[PDB]
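**Q** Take a look at work_3.cif, mmCIF, C-alpha atoms and all ligand atoms:
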```
data_protein
loop_
_atom_site.label_atom_id
_atom_site.label_comp_id
_atom_site.auth_asym_id
_atom_site.auth_seq_id
_atom_site.Cartn_x
_atom_site.Cartn_y
_atom_site.Cartn_z
CA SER A 2 121.28 124.61 83.33
CA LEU A 3 117.61 124.97 84.24
CA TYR A 4 115.49 122.31 82.54
CA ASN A 5 111.70 122.10 82.88
CA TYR A 6 110.83 118.50 82.04
CA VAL A 7 111.39 115.23 83.85
CA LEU A 8 110.49 111.98 82.05
CA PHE A 9 110.04 108.78 84.10
CA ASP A 10 109.73 105.15 83.10
CA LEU A 11 106.92 103.34 84.95
CA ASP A 12 107.80 99.78 86.03
CA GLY A 13 110.84 99.70 88.32
CA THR A 14 110.97 103.48 88.70
CA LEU A 15 107.56 104.62 89.91
CA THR A 16 106.01 101.25 90.76
CA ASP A 17 107.31 97.92 92.11
CA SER A 18 105.29 95.87 89.61
CA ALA A 19 107.29 92.64 89.59
CA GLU A 20 104.59 90.44 91.15
CA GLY A 21 101.93 91.13 88.53
CA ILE A 22 104.35 91.18 85.60
CA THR A 23 106.25 88.00 86.49
CA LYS A 24 102.94 86.26 87.14
CA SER A 25 101.61 87.33 83.73
CA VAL A 26 104.77 86.02 82.06
CA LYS A 27 104.57 82.74 83.99
CA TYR A 28 100.91 82.42 82.99
CA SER A 29 101.90 82.98 79.36
CA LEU A 30 104.92 80.65 79.37
CA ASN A 31 102.94 77.87 81.05
CA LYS A 32 100.63 77.95 78.03
CA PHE A 33 103.69 76.89 76.03
CA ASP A 34 104.27 74.15 78.59
CA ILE A 35 107.26 76.14 79.79
CA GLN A 36 107.56 75.93 83.56
CA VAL A 37 109.47 78.40 85.71
CA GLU A 38 110.96 77.50 89.10
CA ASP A 39 110.35 80.91 90.67
CA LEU A 40 108.90 84.20 89.46
CA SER A 41 112.05 86.05 90.49
CA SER A 42 113.81 84.49 87.49
CA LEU A 43 111.42 86.50 85.30
CA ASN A 44 112.39 89.89 86.78
CA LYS A 45 114.36 90.68 83.62
CA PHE A 46 110.99 90.94 81.84
CA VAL A 47 110.27 94.07 83.89
CA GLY A 48 111.06 97.16 81.86
CA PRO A 49 111.78 96.21 78.21
CA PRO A 50 109.14 95.58 75.51
CA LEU A 51 107.63 92.12 76.10
CA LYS A 52 108.27 91.14 72.48
CA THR A 53 112.01 91.75 72.76
CA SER A 54 112.05 89.67 75.96
CA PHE A 55 110.02 86.66 74.75
CA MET A 56 112.14 86.52 71.59
CA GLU A 57 115.45 86.91 73.43
CA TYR A 58 114.80 84.66 76.44
CA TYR A 59 112.69 82.02 74.67
CA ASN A 60 113.83 82.38 71.07
CA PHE A 61 110.24 82.94 69.91
CA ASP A 62 109.79 84.44 66.48
CA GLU A 63 107.80 87.62 65.84
CA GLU A 64 104.40 85.90 65.54
CA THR A 65 104.95 83.47 68.43
CA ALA A 66 106.06 86.28 70.73
CA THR A 67 102.89 88.11 69.74
CA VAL A 68 100.81 85.13 70.84
CA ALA A 69 102.73 85.01 74.10
CA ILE A 70 102.07 88.73 74.63
CA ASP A 71 98.33 88.12 74.26
CA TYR A 72 98.31 85.36 76.90
CA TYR A 73 100.29 87.66 79.17
CA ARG A 74 97.61 90.33 78.72
CA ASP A 75 94.70 87.97 79.43
CA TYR A 76 96.05 87.84 82.96
CA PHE A 77 97.71 91.27 83.23
CA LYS A 78 94.76 93.38 82.14
CA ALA A 79 92.58 91.88 84.86
CA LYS A 80 94.87 90.85 87.70
CA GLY A 81 98.52 91.51 86.98
CA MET A 82 98.30 95.31 86.77
CA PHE A 83 96.86 95.37 90.30
CA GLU A 84 99.51 93.08 91.83
CA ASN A 85 101.52 96.26 91.97
CA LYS A 86 102.80 98.82 94.51
CA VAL A 87 104.13 102.38 94.36
CA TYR A 88 107.72 102.68 95.63
CA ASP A 89 107.95 104.43 99.00
CA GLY A 90 108.68 108.13 98.66
CA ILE A 91 107.56 108.36 95.03
CA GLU A 92 104.37 110.37 95.51
CA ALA A 93 106.26 112.70 97.88
CA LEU A 94 108.87 113.10 95.11
CA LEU A 95 106.28 113.88 92.42
CA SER A 96 104.52 116.42 94.63
CA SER A 97 107.80 118.16 95.53
CA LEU A 98 108.87 118.35 91.88
CA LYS A 99 105.62 119.90 90.63
CA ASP A 100 105.89 122.43 93.44
CA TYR A 101 109.33 123.39 92.13
CA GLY A 102 107.62 123.93 88.78
CA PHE A 103 108.86 120.85 86.91
CA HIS A 104 106.58 119.38 84.22
CA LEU A 105 106.44 115.60 84.74
CA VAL A 106 105.97 113.03 81.96
CA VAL A 107 105.81 109.24 81.85
CA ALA A 108 107.71 107.71 78.93
CA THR A 109 107.40 103.93 79.01
CA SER A 110 107.51 100.82 76.80
CA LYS A 111 104.48 99.62 78.77
CA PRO A 112 101.25 100.04 76.78
CA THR A 113 99.70 103.50 77.35
CA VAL A 114 96.29 102.00 78.12
CA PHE A 115 97.66 99.94 81.01
CA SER A 116 100.01 102.68 82.24
CA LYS A 117 97.12 105.14 82.51
CA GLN A 118 94.86 102.66 84.37
CA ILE A 119 97.68 101.88 86.78
CA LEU A 120 98.66 105.50 87.50
CA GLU A 121 95.02 106.51 87.98
CA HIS A 122 94.44 103.40 90.10
CA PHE A 123 97.30 104.53 92.32
CA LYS A 124 96.08 108.16 92.31
CA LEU A 125 99.29 109.58 90.81
CA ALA A 126 97.93 110.35 87.33
CA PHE A 127 97.39 114.09 87.80
CA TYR A 128 101.01 114.73 88.77
CA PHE A 129 101.80 114.14 85.10
CA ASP A 130 101.48 116.39 82.07
CA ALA A 131 101.28 113.28 79.90
CA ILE A 132 101.56 109.50 80.14
CA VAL A 133 103.13 108.21 76.94
CA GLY A 134 103.35 104.47 76.52
CA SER A 135 103.52 101.96 73.70
CA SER A 136 100.59 101.08 71.47
CA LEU A 137 99.08 97.66 72.18
CA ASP A 138 100.16 96.59 68.66
CA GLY A 139 103.80 97.37 69.38
CA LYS A 140 104.23 99.71 66.40
CA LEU A 141 105.47 102.30 68.89
CA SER A 142 107.21 100.56 71.80
CA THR A 143 111.00 100.85 72.16
CA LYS A 144 112.23 103.28 74.81
CA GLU A 145 113.89 105.46 72.17
CA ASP A 146 110.71 105.70 70.12
CA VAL A 147 108.37 106.47 73.02
CA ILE A 148 110.64 109.14 74.45
CA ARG A 149 110.96 110.71 70.97
CA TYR A 150 107.18 110.71 70.50
CA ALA A 151 106.59 112.10 73.99
CA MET A 152 109.05 114.91 73.32
CA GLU A 153 107.51 115.55 69.89
CA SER A 154 104.00 115.56 71.39
CA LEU A 155 104.85 118.06 74.12
CA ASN A 156 107.42 119.95 72.04
CA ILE A 157 110.18 119.23 74.56
CA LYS A 158 113.77 120.10 73.61
CA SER A 159 116.77 117.93 74.48
CA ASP A 160 118.26 120.71 76.60
CA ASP A 161 115.09 121.05 78.66
CA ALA A 162 114.54 117.51 79.94
CA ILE A 163 116.07 114.46 81.59
CA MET A 164 115.12 110.76 81.64
CA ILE A 165 114.76 108.70 84.83
CA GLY A 166 114.86 104.90 84.55
CA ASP A 167 116.13 101.69 86.21
CA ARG A 168 117.41 99.72 83.19
CA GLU A 169 120.07 100.09 80.50
CA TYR A 170 117.19 100.42 78.02
CA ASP A 171 116.26 103.71 79.65
CA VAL A 172 119.82 105.01 79.38
CA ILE A 173 120.09 103.93 75.73
CA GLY A 174 116.68 105.45 74.95
CA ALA A 175 117.71 108.71 76.62
CA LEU A 176 121.06 108.86 74.85
CA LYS A 177 119.34 108.29 71.50
CA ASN A 178 117.19 111.36 72.19
CA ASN A 179 120.13 113.42 73.44
CA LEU A 180 118.83 113.47 76.98
CA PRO A 181 120.85 113.10 80.15
CA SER A 182 119.70 110.17 82.24
CA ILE A 183 119.54 109.36 85.93
CA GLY A 184 119.51 105.63 86.55
CA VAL A 185 118.03 104.30 89.78
CA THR A 186 119.17 101.05 91.41
CA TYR A 187 116.15 100.43 93.64
CA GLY A 188 114.42 98.99 90.60
CA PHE A 189 115.23 96.03 88.38
CA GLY A 190 118.56 97.24 87.04
CA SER A 191 121.94 97.14 88.78
CA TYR A 192 124.51 99.88 89.32
CA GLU A 193 126.86 97.96 87.01
CA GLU A 194 124.16 97.56 84.35
CA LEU A 195 123.49 101.30 84.36
CA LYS A 196 127.14 102.34 84.54
CA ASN A 197 128.08 100.19 81.52
CA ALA A 198 125.03 101.47 79.64
CA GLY A 199 126.38 104.98 80.05
CA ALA A 200 123.93 106.31 82.62
CA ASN A 201 124.74 109.99 83.11
CA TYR A 202 123.76 109.83 86.80
CA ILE A 203 123.10 106.90 89.19
CA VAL A 204 121.18 106.88 92.50
CA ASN A 205 120.19 104.15 94.96
CA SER A 206 117.05 105.65 96.50
CA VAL A 207 114.10 107.94 95.75
CA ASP A 208 115.53 110.57 98.08
CA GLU A 209 118.86 110.43 96.25
CA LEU A 210 116.84 110.77 93.04
CA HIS A 211 115.13 113.88 94.39
CA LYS A 212 118.46 115.54 95.29
CA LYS A 213 120.03 114.67 91.93
CA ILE A 214 117.14 116.04 89.88
CA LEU A 215 117.58 119.38 91.61
CA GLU A 216 121.35 119.77 91.53
CA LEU A 217 121.06 119.00 87.82
CL CL B 301 102.57 95.35 80.56
NA NA B 302 111.68 100.27 84.09
#
```
Output the file's structure in the form of structure tokens.

**A**
Amino acid sequence: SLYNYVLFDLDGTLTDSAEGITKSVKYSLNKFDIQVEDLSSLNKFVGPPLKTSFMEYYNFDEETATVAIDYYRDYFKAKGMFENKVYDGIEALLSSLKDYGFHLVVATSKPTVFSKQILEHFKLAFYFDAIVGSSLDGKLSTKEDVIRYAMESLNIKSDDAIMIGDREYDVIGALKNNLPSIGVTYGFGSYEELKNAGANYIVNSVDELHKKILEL
């Protein structure tokens, strides 16, 4: 069952971006006079499309969530994206995989423009064949839609790739594209969240992730 492609989500899988993201959300919510006790309570915003999150957690409508997304970006584009860190072992993982011959791709709900700046900023950009994110306008943004477009763009077949993510959204997006998925628990999703989502494989560390990708 040799497959050549490995798709990765960005936030919570490759980078520990909680600080910058939760701070951008807090900055945005505060503009609505919504206070938050501690950033940690905004961790759930890490991974899914911002729109879905603002609407779900704050009952905003389409247009209001869009305004909230813009405030978020005022801070994220200039400070938030940098209040980030690459998970330990990740670059080692990426290097090892390309050596094996795997083609690596980023498939994320995060806007492509930010994802590229971040990966280049962290010097990991060239490990990837493509970095496919959402469009700033949100026309293309759900996990299912970005994975589908990434596969279409690179002409990747369902039997030649797997999806790596930390949230149920990644599992659902993978399933919807007929791709097996490896969920990681070192991110912002829990074992239970991934198991109930249907994750095809679940690991608790980057090293475990490395091993699993191979024996797959
Ligand atoms: Cl973002
Ligand atoms: Na994620």

**Q** Could you produce a table of the residues of chain A lying within 7 Å of ligand CL 301 (chain B), with the nearest pair of atoms per residue and their separation in Å rounded to one decimal, using all atoms listed in the file, ordered by chain and increasing residue number, as JSON lines?

**A**
```
{"residue": "A:22", "atom": "CA", "partner": "B:CL301", "partner_atom": "CL", "distance": 6.8}
{"residue": "A:77", "atom": "CA", "partner": "B:CL301", "partner_atom": "CL", "distance": 6.9}
{"residue": "A:111", "atom": "CA", "partner": "B:CL301", "partner_atom": "CL", "distance": 5.0}
{"residue": "A:112", "atom": "CA", "partner": "B:CL301", "partner_atom": "CL", "distance": 6.2}
{"residue": "A:115", "atom": "CA", "partner": "B:CL301", "partner_atom": "CL", "distance": 6.7}
```

**Q** Could you list, as a ChimeraX atom specification, all the residues within 10 Å of ligand NA 302 (chain B), counting all atoms listed in the file?

**A** /A:9-18,45-49,108-111,144,165-171,184-185,188-190

**Q** In Å, rounded to a single decimal, give me how far atom CA of residue A:2 is from atom CA of residue A:153.

**A**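 Going from atom CA of residue A:153 over to atom CA of residue A:2, I get 21.3 Å.
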
**Q** Pick out the closest residue to residue A:212 from this set: A:8, A:116, A:67, A:97. Count all atoms listed in the file.

**A** A:97

**Q** Could you please determine the separation between atom CA of residue A:4 and atom CA of residue A:217 in Å, to one decimal place?

**A**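 Answer for the atom CA of residue A:4 to atom CA of residue A:217 separation: 8.4 Å.
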
**Q** Tell me, in Å to one decimal, how far atom CA of residue A:118 is from atom CA of residue A:92.

**A**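 If I compute the distance from atom CA of residue A:118 to atom CA of residue A:92, I get 16.6 Å.
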
**Q** Tell me, as a ChimeraX atom specification, which residues lie within 12 Å of residue A:216, counting all atoms listed in the file; anything in the same chain fewer than 2 positions away does not count.

**A** /A:2-4,183,202,209-214

**Q** Tell me which of A:207, A:26, A:37, A:91 sits closest to residue A:71, counting all atoms listed in the file.

**A**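 Among the listed residues, the smallest separation from residue A:71 belongs to A:26.
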
**Q** Just checking: using only C-alpha atoms, which residue out of A:51, A:107, A:36, A:148 ends up closest to residue A:131?

**A** A:107

**Q** Please list as a VMD selection string every residue within 12 Å of residue A:73, counting only C-alpha atoms and excluding residues in the same chain fewer than 5 positions away.

**A** chain A and resid 21 to 33 46 51 to 52 55 66 to 68 78 to 82

**Q** With C-alpha atoms retained, export the selected residues as a JSON list (two decimals), in the coordinates of the input.

**A**
```json
[["chain", "number", "residue", "atom", "x", "y", "z"],
["A", 21, "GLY", "CA", 101.93, 91.13, 88.53],
["A", 22, "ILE", "CA", 104.35, 91.18, 85.60],
["A", 23, "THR", "CA", 106.25, 88.00, 86.49],
["A", 24, "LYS", "CA", 102.94, 86.26, 87.14],
["A", 25, "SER", "CA", 101.61, 87.33, 83.73],
["A", 26, "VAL", "CA", 104.77, 86.02, 82.06],
["A", 27, "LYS", "CA", 104.57, 82.74, 83.99],
["A", 28, "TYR", "CA", 100.91, 82.42, 82.99],
["A", 29, "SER", "CA", 101.90, 82.98, 79.36],
["A", 30, "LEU", "CA", 104.92, 80.65, 79.37],
["A", 31, "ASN", "CA", 102.94, 77.87, 81.05],
["A", 32, "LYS", "CA", 100.63, 77.95, 78.03],
["A", 33, "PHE", "CA", 103.69, 76.89, 76.03],
["A", 46, "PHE", "CA", 110.99, 90.94, 81.84],
["A", 51, "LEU", "CA", 107.63, 92.12, 76.10],
["A", 52, "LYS", "CA", 108.27, 91.14, 72.48],
["A", 55, "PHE", "CA", 110.02, 86.66, 74.75],
["A", 66, "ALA", "CA", 106.06, 86.28, 70.73],
["A", 67, "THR", "CA", 102.89, 88.11, 69.74],
["A", 68, "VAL", "CA", 100.81, 85.13, 70.84],
["A", 78, "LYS", "CA", 94.76, 93.38, 82.14],
["A", 79, "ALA", "CA", 92.58, 91.88, 84.86],
["A", 80, "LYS", "CA", 94.87, 90.85, 87.70],
["A", 81, "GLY", "CA", 98.52, 91.51, 86.98],
["A", 82, "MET", "CA", 98.30, 95.31, 86.77]]
```

**Q** Point out the residue among A:173, A:180, A:19, A:162 with the least atom-to-atom distance to residue A:103, counting only C-alpha atoms.

**A** A:162

**Q** Using all atoms listed in the file for the distances, tell me which of A:178, A:145, A:126, A:104 is nearest to residue A:6.

**A** A:104
